[PDB]
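Summary of the model geometry
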Amino acid sequence: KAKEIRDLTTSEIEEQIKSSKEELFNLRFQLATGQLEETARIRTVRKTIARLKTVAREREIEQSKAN
RNA sequence: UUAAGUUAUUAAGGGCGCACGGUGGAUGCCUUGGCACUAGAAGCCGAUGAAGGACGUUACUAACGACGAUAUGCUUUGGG
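Thresholds, definitions, all that
- Residues numbered from 1 in each chain as written, not as in the entry; some residues may be left out.
- Chains lettered and ligands numbered in written order.
- Part of a larger assembly, values for the part shown.
- Heavy atoms only, no water.
- Residues with missing side-chain atoms left out of burial classes, pairs and counts.
- UniProt positions renumbered as here; feature names shortened; annotations may be inferred.
- Axes fitted to C-alpha atoms, helices over the stretch in contact; angles between N-to-C directions.
- Helix = DSSP H or I, 4+ residues; strand = E, 2+ residues; numbered from the N terminus.
- Parallel < 35°, antiparallel > 145°, perpendicular 65-115°, else oblique.
- Left-handed = near helix turned anticlockwise from the far one by under 90°.
- Contact = heavy atoms within 4.5 Å.
- Nonpolar A, V, L, I, M, F, W, Y, C, P; charged D, E, K, R; others polar.
- Near = heavy atom within 4 Å.
- Polar contact = N/O pair within 3.5 Å; in protein donor to acceptor, adjacent residues only side chain to side chain.

This entry lists cryo-EM as its structure determination method and reports a resolution of 2.48 Å.

Chain A goes by 50S ribosomal protein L29 in the PDB entry, where it is assigned to Staphylococcus aureus. In the PDB, the structure is listed with the title "Staphylococcus aureus 50S after 30 minutes incubation at 37C". The annotation that UniProt attaches to chain A under Sequence similarities (unreviewed entry) is "Belongs to the universal ribosomal protein uL29 family."

Have a look at this one:
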């Protein structure tokens, strides 16, 4: 997904982080009430959030060198 | 039959020999860990926050290892 992410503009990435965090919140609420049954999604969403943050930090590092 | 005489039999328990069990962890065989050295690098980090820690992180989580709210891991260049 790292190559797909690099196509997004910097404002799309923020919106995507904001949606993945909400999606992860809902899964943790479902797990606690005992009705989830698909526990493999929690790790997937966490890894996507980590990738988005990595690509976002890359651009901010890179532009400061050019500036 | 009566006298006189001699010598037998018991094992409550014990002793010795033998057979068969239990307890215990010596002996033999073994090695995951150690000990003494040789050759070649190197030796000491820190206010750009150290050495050493505390708390946390896995779907289910007590301890040790790994990691730090990007947490039982993220990106990239090579190998396979």
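Still to come is the rest of the account.
In this section: the packing of helix α2 (residues 10–33) against helix α3 (residues 41–66). Relative orientation of the contacting elements α2 and α3 amounts to 160°, with a least axis distance of 10 Å. As judged from the angle between their axes, α2 and α3 are roughly antiparallel. Taken as a pair, α2 and α3 cross one another with a handedness that is left-handed. Only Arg 41, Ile 42, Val 45, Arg 46, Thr 48, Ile 49, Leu 52, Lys 53, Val 55, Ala 56 and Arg 59 of α3 make contact with α2, whose side of the interface consists of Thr 10, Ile 13, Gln 16, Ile 17, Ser 20, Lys 21, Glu 23, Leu 24, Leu 27 and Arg 28. Tallied by class, the residues present in the contact of α2 with α3 amount to 10 nonpolar, four polar and seven charged.

RNA strand B sits among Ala 2, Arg 6, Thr 39, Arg 43, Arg 46, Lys 47, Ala 50, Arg 51, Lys 53, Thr 54 and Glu 58. Note that a sugar or linking oxygen of RNA strand B is positioned 2.9 Å from one of the side-chain N or O atoms of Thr 54. Top contributing element to the surface near RNA strand B by residue count: α3, with eight residues.

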